[PDB]
Amino acid sequence: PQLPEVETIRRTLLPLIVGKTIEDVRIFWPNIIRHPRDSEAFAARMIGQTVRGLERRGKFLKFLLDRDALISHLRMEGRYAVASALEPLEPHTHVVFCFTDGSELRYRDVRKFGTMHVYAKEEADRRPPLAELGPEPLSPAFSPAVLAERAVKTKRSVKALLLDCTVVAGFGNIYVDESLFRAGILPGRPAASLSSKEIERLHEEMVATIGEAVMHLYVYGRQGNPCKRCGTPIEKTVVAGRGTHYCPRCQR
DNA sequence: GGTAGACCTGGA
DNA sequence: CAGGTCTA
Ligand SMILES: [Zn+2]
(Lines give C-alpha, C1' and ligand atoms only; values in the text may rest on other atoms or scores of the structure.)
Protein backbone atom coordinates (compact mmCIF):
# COMPACT_ATOMS: atom_id res chain seq x y z
CA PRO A 1 0.00 0.00 0.00
CA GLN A 2 0.99 3.62 -0.65
CA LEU A 3 1.35 6.30 2.04
CA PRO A 4 -2.23 7.55 1.64
CA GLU A 5 -3.44 3.94 1.88
CA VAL A 6 -1.36 3.38 5.03
CA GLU A 7 -2.87 6.54 6.48
CA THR A 8 -6.32 5.10 5.78
CA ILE A 9 -5.32 1.85 7.47
CA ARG A 10 -4.06 3.80 10.49
CA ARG A 11 -7.28 5.76 10.81
CA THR A 12 -9.62 2.79 10.46
CA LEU A 13 -7.61 0.22 12.41
CA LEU A 14 -7.13 2.34 15.55
CA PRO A 15 -10.70 2.32 16.93
CA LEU A 16 -10.79 -1.42 16.22
CA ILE A 17 -7.84 -2.12 18.53
CA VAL A 18 -7.38 0.77 20.96
CA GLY A 19 -7.71 -0.26 24.61
CA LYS A 20 -7.46 -3.98 23.80
CA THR A 21 -4.97 -6.04 25.81
CA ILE A 22 -2.71 -8.62 24.13
CA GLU A 23 -3.09 -12.13 25.53
CA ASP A 24 -1.14 -14.02 22.87
CA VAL A 25 0.98 -13.52 19.76
CA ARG A 26 1.13 -16.22 17.10
CA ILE A 27 3.78 -16.27 14.40
CA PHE A 28 3.61 -18.52 11.33
CA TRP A 29 6.49 -16.96 9.40
CA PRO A 30 9.29 -15.88 11.81
CA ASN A 31 11.21 -14.02 9.08
CA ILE A 32 8.66 -11.19 9.23
CA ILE A 33 9.95 -10.37 12.72
CA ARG A 34 13.17 -8.35 12.45
CA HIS A 35 13.52 -7.14 16.05
CA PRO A 36 14.01 -8.62 18.46
CA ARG A 37 15.83 -11.19 16.31
CA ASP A 38 14.17 -14.08 18.16
CA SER A 39 10.48 -14.19 17.23
CA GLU A 40 9.76 -15.88 20.58
CA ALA A 41 11.10 -12.82 22.42
CA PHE A 42 8.99 -10.63 20.12
CA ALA A 43 5.89 -12.63 21.09
CA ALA A 44 6.66 -12.86 24.83
CA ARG A 45 7.23 -9.14 25.32
CA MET A 46 3.97 -7.97 23.79
CA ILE A 47 1.81 -10.20 25.98
CA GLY A 48 0.01 -8.24 28.68
CA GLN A 49 0.39 -4.91 26.91
CA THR A 50 -2.59 -2.80 25.93
CA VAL A 51 -2.86 -0.94 22.62
CA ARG A 52 -2.76 2.80 23.37
CA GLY A 53 -2.29 4.35 19.95
CA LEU A 54 -1.46 3.94 16.29
CA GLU A 55 0.69 6.43 14.41
CA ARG A 56 2.21 6.50 10.94
CA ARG A 57 5.68 7.46 9.73
CA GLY A 58 6.16 7.33 5.98
CA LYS A 59 4.72 3.95 5.04
CA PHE A 60 5.44 2.54 8.52
CA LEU A 61 2.69 1.93 11.07
CA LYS A 62 3.70 2.46 14.68
CA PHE A 63 1.51 0.60 17.15
CA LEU A 64 1.94 2.18 20.57
CA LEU A 65 1.48 -0.23 23.47
CA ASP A 66 2.17 0.25 27.19
CA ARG A 67 5.96 -0.01 27.18
CA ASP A 68 6.73 -0.97 23.58
CA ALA A 69 6.14 0.31 20.08
CA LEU A 70 5.53 -2.12 17.23
CA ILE A 71 6.83 -0.83 13.89
CA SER A 72 5.17 -2.48 10.90
CA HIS A 73 5.70 -2.19 7.13
CA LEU A 74 3.20 -3.89 4.80
CA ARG A 75 5.25 -3.32 1.64
CA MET A 76 2.99 -3.72 -1.41
CA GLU A 77 0.57 -6.53 -0.51
CA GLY A 78 0.55 -6.83 3.30
CA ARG A 79 -2.82 -6.29 4.98
CA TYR A 80 -4.25 -6.04 8.52
CA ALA A 81 -7.66 -7.26 9.64
CA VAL A 82 -9.49 -7.42 12.96
CA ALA A 83 -11.68 -10.47 13.42
CA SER A 84 -12.97 -13.12 15.79
CA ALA A 85 -10.60 -15.78 17.12
CA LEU A 86 -13.50 -18.18 16.53
CA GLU A 87 -13.35 -17.90 12.71
CA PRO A 88 -10.79 -19.59 10.41
CA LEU A 89 -7.76 -17.54 9.38
CA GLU A 90 -7.62 -16.23 5.81
CA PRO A 91 -4.91 -17.60 3.48
CA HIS A 92 -1.38 -16.19 3.87
CA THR A 93 -1.84 -15.08 7.49
CA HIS A 94 1.63 -14.79 9.01
CA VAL A 95 1.21 -12.96 12.33
CA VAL A 96 -1.77 -12.78 14.69
CA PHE A 97 -2.16 -10.64 17.82
CA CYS A 98 -4.80 -12.15 20.11
CA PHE A 99 -6.64 -9.80 22.51
CA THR A 100 -8.35 -10.69 25.80
CA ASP A 101 -11.77 -9.93 24.30
CA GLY A 102 -11.69 -12.79 21.79
CA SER A 103 -10.82 -10.60 18.81
CA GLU A 104 -7.55 -10.71 16.83
CA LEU A 105 -5.41 -8.38 14.78
CA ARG A 106 -4.24 -10.47 11.80
CA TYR A 107 -1.40 -9.71 9.39
CA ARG A 108 -1.81 -11.20 5.87
CA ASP A 109 0.71 -11.04 3.01
CA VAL A 110 0.87 -13.34 -0.02
CA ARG A 111 4.30 -11.94 -0.91
CA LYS A 112 5.47 -12.50 2.68
CA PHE A 113 7.52 -9.34 2.23
CA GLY A 114 6.51 -7.18 5.21
CA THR A 115 8.55 -6.55 8.35
CA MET A 116 7.94 -5.99 12.08
CA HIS A 117 10.26 -4.42 14.71
CA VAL A 118 9.49 -3.99 18.43
CA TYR A 119 11.40 -1.63 20.76
CA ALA A 120 10.76 0.25 23.99
CA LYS A 121 8.70 3.26 22.89
CA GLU A 122 11.46 5.78 23.69
CA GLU A 123 13.88 3.87 21.46
CA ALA A 124 11.80 3.21 18.34
CA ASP A 125 12.61 6.53 16.65
CA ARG A 126 16.39 6.08 16.87
CA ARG A 127 16.53 2.47 15.69
CA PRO A 128 15.88 0.78 12.35
CA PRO A 129 13.75 1.07 10.44
CA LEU A 130 12.59 4.53 11.58
CA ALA A 131 16.09 5.84 12.22
CA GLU A 132 17.16 8.32 9.52
CA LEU A 133 13.69 8.36 7.94
CA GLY A 134 13.14 11.69 6.19
CA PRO A 135 10.37 14.21 6.97
CA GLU A 136 6.68 13.65 6.24
CA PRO A 137 5.96 14.94 2.72
CA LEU A 138 2.86 16.72 4.05
CA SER A 139 4.80 18.41 6.86
CA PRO A 140 6.58 21.80 6.91
CA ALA A 141 9.72 19.79 7.70
CA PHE A 142 9.63 18.82 4.02
CA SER A 143 10.27 22.09 2.20
CA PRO A 144 11.69 23.21 -1.16
CA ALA A 145 14.79 24.27 0.79
CA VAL A 146 15.33 20.77 2.17
CA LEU A 147 14.82 19.29 -1.30
CA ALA A 148 17.20 21.76 -2.97
CA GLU A 149 19.87 21.00 -0.36
CA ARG A 150 19.74 17.29 -1.16
CA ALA A 151 19.52 17.85 -4.94
CA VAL A 152 22.67 19.97 -5.21
CA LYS A 153 24.76 17.66 -3.02
CA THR A 154 24.24 14.63 -5.26
CA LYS A 155 25.05 13.32 -8.73
CA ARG A 156 22.10 10.91 -8.93
CA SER A 157 19.02 11.28 -11.12
CA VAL A 158 16.10 13.26 -9.69
CA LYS A 159 14.07 10.03 -9.53
CA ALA A 160 16.71 8.31 -7.38
CA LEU A 161 16.67 11.36 -5.13
CA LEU A 162 12.92 11.20 -4.54
CA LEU A 163 13.10 7.44 -3.96
CA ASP A 164 15.61 7.99 -1.15
CA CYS A 165 13.76 7.46 2.15
CA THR A 166 16.15 9.86 3.92
CA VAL A 167 15.11 12.75 1.67
CA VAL A 168 11.39 12.37 2.27
CA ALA A 169 9.31 9.65 3.91
CA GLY A 170 7.22 7.14 1.98
CA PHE A 171 7.50 8.37 -1.62
CA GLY A 172 7.38 5.29 -3.83
CA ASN A 173 7.71 4.55 -7.53
CA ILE A 174 4.16 5.51 -8.50
CA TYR A 175 4.04 8.91 -6.80
CA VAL A 176 7.58 9.76 -7.90
CA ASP A 177 6.61 9.16 -11.55
CA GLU A 178 3.27 10.93 -11.19
CA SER A 179 4.88 13.91 -9.40
CA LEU A 180 7.65 14.29 -11.99
CA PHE A 181 5.11 14.27 -14.81
CA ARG A 182 3.03 16.91 -13.05
CA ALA A 183 6.19 18.95 -12.41
CA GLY A 184 7.20 18.55 -16.07
CA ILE A 185 10.57 17.02 -15.17
CA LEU A 186 12.21 14.02 -16.86
CA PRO A 187 12.92 11.27 -14.29
CA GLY A 188 16.43 10.72 -15.66
CA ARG A 189 17.49 14.33 -15.10
CA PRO A 190 20.43 14.69 -12.72
CA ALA A 191 19.10 16.10 -9.42
CA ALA A 192 21.76 18.83 -9.48
CA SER A 193 20.55 19.91 -12.93
CA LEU A 194 17.22 21.09 -11.51
CA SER A 195 16.80 24.86 -11.40
CA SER A 196 15.43 26.55 -8.28
CA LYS A 197 12.16 26.95 -10.19
CA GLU A 198 12.04 23.22 -10.99
CA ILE A 199 12.73 22.32 -7.34
CA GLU A 200 9.91 24.58 -6.16
CA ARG A 201 7.51 23.13 -8.74
CA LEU A 202 8.50 19.56 -7.92
CA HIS A 203 7.94 20.09 -4.19
CA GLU A 204 4.53 21.61 -4.92
CA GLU A 205 3.47 18.67 -7.11
CA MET A 206 4.85 16.10 -4.67
CA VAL A 207 2.71 17.54 -1.88
CA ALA A 208 -0.34 17.87 -4.13
CA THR A 209 -0.02 14.33 -5.46
CA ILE A 210 0.35 12.74 -2.04
CA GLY A 211 -2.04 15.25 -0.47
CA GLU A 212 -4.88 14.66 -2.92
CA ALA A 213 -4.55 10.88 -2.57
CA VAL A 214 -4.79 10.93 1.23
CA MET A 215 -8.10 12.79 0.96
CA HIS A 216 -6.50 8.65 -12.11
CA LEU A 217 -2.87 8.29 -13.15
CA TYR A 218 -1.10 10.34 -15.82
CA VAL A 219 1.85 8.10 -16.61
CA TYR A 220 2.31 5.14 -14.27
CA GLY A 221 1.54 1.90 -16.10
CA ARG A 222 0.21 3.82 -19.11
CA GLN A 223 3.06 3.11 -21.56
CA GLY A 224 1.86 2.89 -25.17
CA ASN A 225 -1.19 4.98 -24.28
CA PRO A 226 -1.68 8.67 -25.17
CA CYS A 227 -0.67 11.32 -22.63
CA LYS A 228 -3.78 12.80 -21.02
CA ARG A 229 -2.34 16.30 -21.48
CA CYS A 230 -0.73 16.22 -24.94
CA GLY A 231 -1.70 12.86 -26.47
CA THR A 232 1.91 11.77 -27.04
CA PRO A 233 2.35 8.04 -26.30
CA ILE A 234 3.60 7.48 -22.76
CA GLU A 235 6.95 5.73 -22.68
CA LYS A 236 8.56 3.34 -20.22
CA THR A 237 12.27 2.85 -19.55
CA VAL A 238 14.50 1.99 -16.60
CA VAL A 239 15.71 4.72 -14.24
CA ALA A 240 17.33 4.12 -10.85
CA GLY A 241 16.84 0.41 -11.46
CA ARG A 242 13.07 0.84 -11.64
CA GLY A 243 10.19 0.84 -14.11
CA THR A 244 9.92 4.48 -15.16
CA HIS A 245 6.98 6.08 -16.97
CA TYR A 246 7.03 9.53 -18.55
CA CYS A 247 5.77 11.69 -21.39
CA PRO A 248 8.76 12.73 -23.56
CA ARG A 249 6.89 15.88 -24.56
CA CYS A 250 5.43 17.18 -21.28
CA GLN A 251 8.59 16.35 -19.33
CA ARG A 252 11.97 17.93 -20.05
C1' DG B 1 29.33 8.56 -1.01
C1' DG B 2 26.77 5.47 -3.49
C1' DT B 3 24.80 0.83 -5.79
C1' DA B 4 23.24 -4.06 -4.87
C1' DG B 5 22.54 -8.14 -2.44
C1' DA B 6 18.53 -9.89 0.35
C1' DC B 7 13.56 -10.84 0.95
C1' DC B 8 9.04 -13.43 -1.83
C1' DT B 9 5.93 -15.27 -5.13
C1' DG B 10 2.18 -14.77 -8.80
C1' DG B 11 1.97 -14.07 -13.34
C1' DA B 12 4.43 -11.64 -17.28
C1' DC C 1 9.96 -8.85 -12.92
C1' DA C 2 7.37 -5.74 -9.33
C1' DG C 3 7.70 -3.41 -5.25
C1' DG C 4 10.49 -0.88 -0.60
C1' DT C 5 13.97 -0.59 2.76
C1' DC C 6 17.19 -2.61 5.15
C1' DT C 7 22.31 -4.36 5.50
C1' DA C 8 26.87 -5.26 2.85
ZN1 LIG D 1 2.34 14.79 -22.49
Side-chain angles (χ1 to χ4, degrees), chain A residues 1-7 9-10 27-36 38-39 42 56-62 69-80 90-95 107-119 123-137 149-180 187-193 206 209-210 213 217 219-225 234-246:
Chain A
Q2 299 295 160
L3 181 154
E5 308 183 53
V6 179
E7 178 59 27
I9 296 168
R10 191 203 68 78
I27 299 172
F28 311 107
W29 191 251
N31 285 351
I32 304 291
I33 285 58
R34 300 300 177 87
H35 191 277
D38 185 351
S39 64
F42 173 103
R56 175 194 60 75
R57 273 255 58 210
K59 286 193 283 268
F60 295 99
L61 289 165
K62 187 199 289 194
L70 162 73
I71 313 304
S72 179
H73 198 293
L74 301 175
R75 289 302 192 274
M76 22 61 180
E77 298 159 59
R79 294 182 177 183
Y80 277 110
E90 296 133 284
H92 308 301
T93 298
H94 305 307
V95 184
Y107 171 71
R108 289 184 60 201
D109 189 7
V110 55
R111 210 65 52 193
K112 225 144 76 167
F113 223 50
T115 63
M116 297 180 181
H117 296 71
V118 169
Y119 301 101
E123 190 174 338
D125 288 337
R126 37 190 172 99
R127 297 287 198 265
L130 298 178
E132 298 297 323
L133 185 57
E136 290 296 322
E149 292 176 350
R150 294 297 303 259
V152 300
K153 299 176 185 178
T154 186
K155 301 181 180 179
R156 326 153 77 180
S157 69
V158 58
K159 172 148 183 179
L161 186 64
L162 303 184
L163 291 176
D164 189 330
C165 66
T166 68
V167 177
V168 60
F171 242 90
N173 209 41
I174 304 178
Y175 289 153
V176 165
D177 278 14
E178 289 299 303
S179 296
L180 287 169
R189 292 273 308 277
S193 87
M206 286 178 69
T209 296
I210 214 98
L217 297 182
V219 295
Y220 200 83
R222 298 193 65 253
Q223 62 272 21
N225 306 325
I234 297 309
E235 295 181 359
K236 175 171 186 177
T237 62
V238 172
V239 173
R242 309 294 308 280
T244 301
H245 314 75
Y246 63 93

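Each chain gets a letter, A, B and so on, in the order its sequence line appears, and its residues count up from 1.
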Rounded distance in Å between the P positions of B/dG1 and C/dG4: 24 Å
message: Could you check whether any side-chain N or O of A/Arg108 sits under 3.5 Å from a backbone N or O of A/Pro91, counting only pairs where one atom can act as donor and the other as acceptor?
response: yes
message: Main chain of A/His245, side chain of A/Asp177: is a donor-acceptor contact present, judged purely on distance under 3.5 Å?
response: yes
query: In this structure, are over 12 heavy atoms from other groups packed under 6.0 Å from A/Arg10 atom CZ?
result: yes
task: Please tell me which of A/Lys153 and A/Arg75 maps to the more 5' nucleotide of DNA chain B, matching each residue to the nucleotide holding its nearest heavy atom.
output: A/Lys153
Residues A/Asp109 and A/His94: side-chain donor-acceptor under 3.5 angstrom: no
task: Measure from CG on A/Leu161 to P on B/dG1 and round the result to the nearest Å.
output: 13 Å
field: Separation of the P atoms in B/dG2 and C/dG3, to the nearest angstrom
entry: 25 Å
- prompt: Is it true that A/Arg57 and A/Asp125 make a salt bridge, defined as a side-chain N closer than 4.0 Å to a carboxylate O?
  reply: no
query: First contact, last contact: which nucleotides of DNA chain C are these for chain A, 5' to 3', heavy-atom distance under 4.0 Å?
result: C/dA2 to C/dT7
message: Please give the distance between the P atoms of B/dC7 and C/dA8 as a whole number of Å.
response: 12 Å
field: Along DNA chain C (nearest heavy atom to each residue), the more 5'-positioned of A/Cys165 and A/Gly243
entry: A/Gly243
task: Calculate the interatomic distance between A/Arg111 atom CZ and B/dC7 atom P; express it in whole Å.
output: 16 Å
message: Is there a side chain to side chain donor-acceptor pair (under 3.5 Å) between A/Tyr80 and A/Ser72? Walk through the geometry before answering.
response: CA-CA 10 Å; A/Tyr80 277 110; A/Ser72 179; 2.6 Å; yes
- prompt: What integer number of Å spans the P atoms of B/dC8 and C/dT7?
  reply: 16 Å
query: In whole angstroms, how far is the P atom of B/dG2 from the CG atom of A/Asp164?
result: 9 Å
- prompt: With both distances under 3.5 Å as the test, what is the Watson-Crick or G-U wobble partner of C/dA8?
  reply: none
query: So what does A/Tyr175 hit on the nucleic acid, given a heavy-atom distance under 4.0 Å: a base, only sugar-phosphate, or nothing?
result: nothing
message: Using 0.5 Å steps for rounding, measure from the CD atom of A/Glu5 to the CG atom of A/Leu74.
response: 9.5 Å
- request: Report yes if at least one side-chain N or O of A/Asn31 is closer than 4.0 Å to OP1 or OP2 of B/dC8; otherwise report no.
  value: yes
field: Under 3.5 Å donor-acceptor, A/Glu178 side chain and A/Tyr220 backbone
entry: yes
- request: Measure from CG on A/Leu163 to P on B/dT3 and round the result to the nearest Å.
  value: 11 Å
message: Counting only side-chain nitrogens and oxygens, does A/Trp29 get under 4.0 Å of the OP1 or OP2 atom of B/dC8?
response: yes
task: Nearest-nucleotide wise, let me know which of A/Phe113 and A/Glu77 is further upstream toward the 5' end of DNA chain B.
output: A/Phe113
- prompt: B/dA6 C1' sits how many Å from A/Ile32 CD1, rounded?
  reply: 14 Å
query: Reckon A/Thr115 touches a base, only the sugar-phosphate, or nothing at all at heavy-atom distances under 4.0 Å?
result: nothing
- request: Round to a whole Å and report the spacing from CZ of A/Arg108 to P of B/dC8.
  value: 18 Å
Between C1' of B/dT9 and NZ of A/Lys112, the distance in whole Å: 9 Å
